[PDB]
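Written out below as structure tokens is the structure these notes cover.
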RNA sequence: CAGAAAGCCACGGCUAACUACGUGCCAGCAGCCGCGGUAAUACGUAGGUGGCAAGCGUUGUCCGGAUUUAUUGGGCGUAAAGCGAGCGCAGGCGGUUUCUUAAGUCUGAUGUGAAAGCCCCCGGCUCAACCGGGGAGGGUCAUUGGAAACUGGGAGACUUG
RNA sequence: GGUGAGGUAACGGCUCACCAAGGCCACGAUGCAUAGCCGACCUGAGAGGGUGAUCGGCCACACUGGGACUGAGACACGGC
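Protein chains in written order, with the deposited numbering: chain q, 4 to 86; chain p, 2 to 90; chain d, 2 to 202; chain h, 2 to 132; chain e, 3 to 165; chain l, 2 to 137.
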């Protein structure tokens with residue numbers, strides 16, 4: 004033990020699946036020719052115990068091991084809740 | 002199965018040779034792990050250009066120096082120093 | 002084509018005596034061809050830099066591509082003018098040591114001498130005419146058979162002998178003394194007509 | 002709608018200078034005050050002074066001129082306009098007119114000249130040139 | 003201003019045209035000439051004129067040329083900094099070079115800058131290439147040039163805290 | 002344009018042609034293949050012979066050689082040299098070069114490297130027209 | 001024993017090199033402009049000259065010259081180029097100010113970016129290439145610590161838009 | 001995606017049975033054409049364009065397509 008996983012504090016988008024939500028991180032980087040800052044994202048399939056976080060919730064996530072057809076994320080901390 | 006060995010750098014008539022240290026799965030002048038020494042193939046008494054720092058470090062891991070390495074490093078006594086500082090250790 | 006010229010028509014066409022006022026002056030200032038005196042309009046700076054670079058190339062008889070690569074060696078120094086340091090490094094050929102010591106009378110005599118192993122340096126033989134002689138190599142004369150008369154025939158004919166090398170004809174021994182410069186080693190030829198031609202050749 | 006008032010300040014400088022009179026009033030903020038003090042440092046503005054009632058600014062600009070009516074400043078333009086912010090590291094610091102003008106860098110401790118940045122090895126974002 | 007005709011100067015004729023004007027019947031033909039005159043020490047100028055033959059034309063051009071001469075403020079036979087000049091399509095880039103490298107510039111702009119006593123400079127023609135506007139934009143760009151004592155004199159500070 | 006409008010367009014280039022179309026050979030045998038064959042020169046055969054007169058205002062009778070290569074396409078090509086050593090239904094090599102005499106022709110056949118001979122007048126340009134050193 | 005050791009394409013301009021004659025709307029030269037057509041430095045001979053140089057012409061392909069895809073580095077009154085005009089989803093950019101934050105940004109330390117590569121320092125092959133020793137280059141990289149001006153996130157304020 | 005079991009050097013719908021209908025996309029999913037990738041290069045002032053030979057590293061292939069066995073290591077270039 005000397006290394007954890009790179010936690011990605013994304014927000015929750017979908018939670019329709021059992022034990023499984025959808026966490027979307029967001030970052031912004033340059034253009035390979037011009038200069039200004041773009042905006043882009045991926046989607047991270049996250050495994051929950053009983054689908055705690057609602058739509059729009061903020062949670063940091065941490066990878067464990069291939070659990071399914073390549074979902075590789077776990078819940079850590081429900082940071083702040085939508086209402 | 003690590004193994005220290007030699008390596009050629011010839012031209013047409015006049016070669017130049019180099020010792021090289023590797024693992025025995027690899028080809029000879031192909032890949033390796035690190036570097037040890039060289040020697041002149043011409044102008045006897047030629048240029049014994051040796052590192053003499055990684056041979057005993059490398060055989061502490063345990064390897065098999067080849068036929069030429071044993072003779073030309075018994076000229077520097079490294080194999081003599083091998084069984085002198087390892088069989089006495 | 003390495004060297005053919007009889008040192009008449011090249012000194013006629015370029016114009017400067019090539020290079021120590023050793024002239025042939027009854028037919029010099031009018032150029033060859035079927036119009037000797039009946040000349041024509043002025044020269045483009047194409048032709049000006051053309052005959053200028055051919056003037057410095059015929060300081061030796063050497064090669065244009067070798068002049069190129071030697072010119073590119075002159076940029077590594079990073080002090081002084083690039084034309085001046087080239088002009089200095091123009092003058093450390095082994096043949097330049099032959100002519101400026103006093104062992105011969107011309108560069109073709111220098112190259113015909115040094116071709117057949119007739120000189121050495123520092124007790125070791127050098128075969129090639131274009132060895133890079135630094136300051137310290139005490140140039141020699143291969144003292145096996147130095148009683149050949151044409152060596153001292155060129156020595157005792159004391160026509161052109163510069164004063165920047167320390168040398169004694171008693172031993173036929175000496176060394177290239179110190180650094181030359183522009184104001185001492187052969188005015189008048191160039192400082193910039195090399196450094197402008199060699200950008201868009 | 003003005004979406005960048007710094008460039009409007011710089012163009013009011015050039016518009017008042019190009020017809021050569023030394024009175025100028027622009028509504029101002031903290032950073033216009035910073036470039037006003039920078040331009041008073043390096044010998045380009047004769048005087049700056051501040052008048053506030055209940056609103057923006059204002060900082061009054063008093064231009065600088067020579068003996069035979071000529072101009073000591075001759076142009077002025079920005080670098081990191083909105084839309085394309087542009088950032089400069091400590092071995093990227095520009096040197097305009099071979100250092101005969103100046104350039105502005107916003108480092109992590111204020112608005113400084115670009116001799117100050119190579120005097121501290123600290124880079125930042127470049128606002129504008131002037132010469 | 004009136005720089006006098008009392009300095010040792012040198013010429014170079016850049017280019018000539020042959021220029022018509024139709025008369026009823028035949029055709030007129032007259033020549034022009036574009037001549038620069040310089041001291042190769044730091045005073046250069048140019049001018050033109052037209053006549054019916056070549057030596058008369060270049061005589062009138064040299065007659066015109068010495069009315070106008072420019073200072074060209076040098077430092078170490080090189081520019082102080084980088085200056086760009088434009089006069090009607092004639093974009094000309096000019097930039098200080100490394101000492102001992104020469105002039106890297108084209109046809110007409112070399113005939114100015116060599117004659118004005120510049121050892122080391124770089125340039126690049128850009129835009130128009132008729133020889134008139136090249137020379138005019140050249141002299142316009144050389145006009146656009148400062149010097150350290152001048153600039154430190156213009157500001158309230160002194161030199162050598164800014165070099 | 003403004004820079005995000007330069008982001009969401011790529012600024013395409015000006016993709017160039019080449020006036021040697023026959024030297025990129027999309028074969029017939031066996032299975033009607035493609036071109037990888039950036040050649041200096043391609044050899045071919047004859048299909049007819051004749052001459053040609055140019056446009057206004059040049060006036061003579063130039064001769065030519067219309068050639069079919071191995072790719073079943075036919076180009077007209079020009080003849081260099083004095084004395085055409087080639088004849089009807091003969092093997093011919095080609096060299097590339099545009100010619101401004103007429104529409105249609107953009108090549109010139111070889112002289113003095115293959116089946117054709119070369120020059121027997123010129124003793125001064127002997128590398129051209131493929132007939133070097135005569136002792137005379 | 002100076003004996004065995006010399007070859008290439010043009011010369012109307014761009015781009016150094018001239019003569020005599022022939023075919024004289026034609027035989028044929030053209031990289032492009034462009035020649036011819038009885039007085040051709042352009043068709044062809046013959047001599048004169050020119051530039052590389054045991055290597056030198058032709059042909060094809062790749063980058064430049066090209067600011068002729070312009071971020072560095074172009075502009076749309078008449079030249080090629082503002083949709084016929086409005087309304088608005090998403091998107092791009094946003095008035096002044098207090099406190100916080102530190103995502104962007106600047107800065108240190110550390111591990112790595114194979115060796116031969118190119119360059120530079122040093123050296124040997126008679127020099128030279130070739131080979132040898134030592135570090136700079138290739139991160140838009142990963143961890144870790146600060147900086148808090150500008151952009152970005154959170155709480156309040158103001159009246160000019 | 002969840003449930004459990006089989007199976008695997010090893011996790012896993014890799015595979016079986018049950019419960020739901022979830023997943024990916026205008027930042028380009030899917031489709032069509034061309035190409036082995038890299039360290040590197042006798043181009044450029046530089047930003048960047050062109051080529052992937054040497055020589056070195058990685059991947060894949062053995063007249064075409066399937067399939068295993070021995071052997072720890074192969075679904076094996078001169079093994080079946």
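Just so you know, even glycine gets a beta-carbon here, dropped at the ideal spot from N, CA and C.
Close-in-space but distant-in-sequence residues of the same chain around residue i (CB under 7 Å, 5 per side omitted)
i, result
"residue 113/d", "none"
"residue 104/h", "95, 97, 115, 127 and 130"
"residue 2/e", "The question about residue 2/e has no answer, for chain e in this structure spans 3 to 165."
According to DSSP, residues forming a beta bridge with residue i
i, result
"residue 167/d", "176/d"
"residue 88/d", "Paired residue(s): none; residue 88/d is not in a bridge."
"residue 52/l", "64/l"
"residue 123/e", "98/e and 105/e"
"residue 30/q", "43/q"
"residue 13/e", "39/e"
"residue 107/h", "112/h and 126/h"
"residue 132/d", "Paired residues: none, contrary to the question."
Where residue i falls: helix, strand or coil (DSSP)
i, result
"residue 62/l", "coil"
"residue 19/e", "strand"
"residue 85/p", "helix"
"residue 12/h", "helix"
"residue 76/e", "coil"
"residue 111/e", "helix"
"residue 152/d", "helix"
"residue 209/d", "A query on residue 209/d cannot be resolved here, the shown segment of chain d reaching from 2 to 202 and no further."
"residue 3/l", "coil"
"residue 100/d", "helix"
"residue 159/d", "coil"
"residue 57/q", "coil"
"residue 73/p", "helix"
"residue 68/d", "helix"
"residue 240/e", "Examination of residue 240/e is not possible in this model, given that chain e is present from 3 through 165 alone."
Cβ-heavy atom distance, residue i to the ligand MN, below 7 Å
i, result
"residue 7/p", "Absence of the ligand MN is noted for the structure shown, with no ligands found whatsoever."
Any C-beta of chain e under 8 Å from that of residue i
i, result
"residue 62/h", "no"
"residue 73/h", "yes"
"residue 193/d", "yes"
"residue 99/h", "yes"
CB contact check: residue i to chain h, cutoff 8 Å
i, result
"residue 157/e", "yes"
"residue 82/e", "yes"
Cutoff 8 Å; reference residue i; Cβ partners in own chain excluding five residues on either side
i, result
"residue 19/p", "7, 8, 9, 10, 38, 39 and 40"
"residue 120/d", "99, 104, 114, 127, 140, 141, 142 and 143"
"residue 60/p", "66, 83 and 87"
"residue 73/h", "44, 45, 65, 66 and 67"
Any C-beta of chain l under 8 Å from that of residue i
i, result
"residue 32/q", "no"
"residue 39/q", "yes"
Chain q within 8 Å of residue i, Cβ atoms only
i, result
"residue 125/h", "no"
Closer than 8 Å to chain d by CB, residue i
i, result
"residue 105/e", "yes"
"residue 102/e", "yes"
Contacts around residue i, its chain only, beta-carbon distance under 6 Å, and the 5 residues preceding and following it disregarded
i, result
"residue 40/d", "none"
"residue 127/e", "108"
Between the segment 140 to 151 of chain e and the segment 76 to 93 of chain h, do at least 3 Cβ pairs fall closer than 8 Å? no
Give a yes or no on contact between the segment 125 to 145 of chain d and the segment 164 to 175 of chain d, applying the rule of three or more CB pairs nearer than 8 Å. yes
Count Cβ pairs between the segment 21 to 37 of chain e and the segment 59 to 72 of chain e that sit closer than 8 Å; are there 3 or more? yes
Touch check for the segment 184 to 194 of chain d and the segment 10 to 30 of chain h: three-plus C-beta pairs under 8 Å? no
Taking contact to mean at least 3 C-beta pairs separated by less than 8 Å, is the segment 67 to 74 of chain q in contact with the segment 34 to 41 of chain q? no
Does the segment 99 to 112 of chain e come within contact of the segment 122 to 138 of chain e, defined as at least 3 CB pairs closer than 8 Å? yes
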